[PDB]
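For reference, the structure discussed in these notes is given below.
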Amino acid sequence: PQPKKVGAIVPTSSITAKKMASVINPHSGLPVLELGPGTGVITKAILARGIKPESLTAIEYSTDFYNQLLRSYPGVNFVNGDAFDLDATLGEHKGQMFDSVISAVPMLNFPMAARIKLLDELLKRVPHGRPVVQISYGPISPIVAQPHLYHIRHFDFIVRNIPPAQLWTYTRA
Ligand SMILES: Nc1ncnc2c1ncn2[C@@H]1O[C@H](CSCC[C@H](N)C(=O)O)[C@@H](O)[C@H]1O
């Protein structure tokens with residue numbers, strides 16, 4: 001028979017969210033950048049690491065989701081805008097460094113060229129060697145290898161996620 005809720009249209013599992021938030025160093029003194037917070041399940045796992053709410057910046061395109069996040073997570077620096085336009089959402093880069101980037105934007109909704117460019121821009125705003133972590137659902141990295149720009153590592157696989165979740169991490173080469 002025909003299954004409902006095909007694809008990835010339910011919130012990410014709490015098991016997956018905790019694993020993505022485990023890359024964070026809450027003792028580094030640097031804020032965290034979250035992309036595409038949605039219902040806030042990964043936001044919760046980020047705050048559970050002990051990040052001060054004012055030190056979490058989360059960029060959400062949907063105005064409906066954004067208005068609800070403001071009311072559910074007091075103190076967190078939510079921004080209503082497009083994560084692929086970091087200049088418009090974060091401002092022109094003038095030195096701000098994030099501890100790490102936690103991304104759940106749906107990479108496959110965008111051209112590969114856009115994904116590579118965004119990743120190259122995000123790695124300018126974290127210290128050399130620190131990660132971007134991305135969730136995806138296919139068998140391969142959602143962002144193709146460009147070894148002169150970044151290094152790809154498989155981070156984890158969570159079969160209890162609906163659908164099963166692959167986690168990838170990226171660092172500056
Ligand atoms: N370019 C973009 N910039 C900011 N947010 C985006 C975006 N494209 C998609 N989004 C938002 O990213 C989220 C993808 S769904 C994942 C939501 C949540 N983090 C979870 O894991 O369950 C949606 O909330 C969507 O509105």
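For the reader, a short list of remarks on this structure follows.
- Residues in region 1-25 that are more than 8 Å from the ligand (Cβ to nearest atom) and out of contact with any helix residue (DSSP H, G or I) (no Cβ under 9 Å at 6 or more places or on another chain): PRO1, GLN2, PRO3, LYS4, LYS5, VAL6, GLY7, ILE9, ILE15, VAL23, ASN25.
- Subset of region 26-49 (residues that are within 9 Å of the ligand (Cβ to nearest atom) and on the phi > 0 side of the Ramachandran plot): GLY36, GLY38, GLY40
- Near pairs, Cβ below 8 angstrom, 6+ apart or cross-chain, from region 27-48 (more than 19 Å from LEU119 (Cβ to Cβ) and without any contact (Cβ under 8 Å) to a residue 40 or more places away in the chain) to any residue that is near the ligand (Cβ under 6 Å from one of its atoms) and part of a helix (DSSP H, G or I): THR39/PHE65
- Among residues of region 84-107 that are in contact (Cβ under 8 Å) with a residue 12 or more places away in the chain and assigned to a loop (DSSP other than H, G, I, E, B), those with a beta-carbon under 8 Å from a residue that is of a type in the set (A, V, I, L, M, F, W, C) and away from the ligand (no atom under 16 Å from the Cβ) at least six positions away or on a different chain give the pairs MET97/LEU30; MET97/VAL126; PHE98/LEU30; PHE98/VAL126; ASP99/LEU30; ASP99/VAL126; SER100/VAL126.
- Screening region 42-65 for residues that are out of contact with any helix residue (DSSP H, G or I) (no Cβ under 6 Å at 6 or more places or on another chain) and in a loop (DSSP other than H, G, I, E, B) and picking the one that is surrounded by the fewest Cβ atoms within 10 Å (Cβ to Cβ) gives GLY50.
- Pairs with Cβ under 9 Å, 6+ apart, first in region 1-23 and closer than 18 Å to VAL159 by Cβ, second part of a loop (DSSP other than H, G, I, E, B) and of a type in the set (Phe, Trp, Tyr): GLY7/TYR137; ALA8/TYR137
- Members of region 1-41 found to be under 30 Å from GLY95 (Cβ atoms), of a type outside the set (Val, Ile, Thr) and assigned to a loop (DSSP other than H, G, I, E, B), listed by number: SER22, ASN25, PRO26, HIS27, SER28, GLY29, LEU30, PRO31, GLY36, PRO37, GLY38, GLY40
Neighbour counts are summed over all protein chains in view; Cβ atoms, including those assigned to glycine, are modelled from backbone coordinates with ideal geometry. A short reminder: the numbers here are calculations on the coordinates, not readings from a lab.
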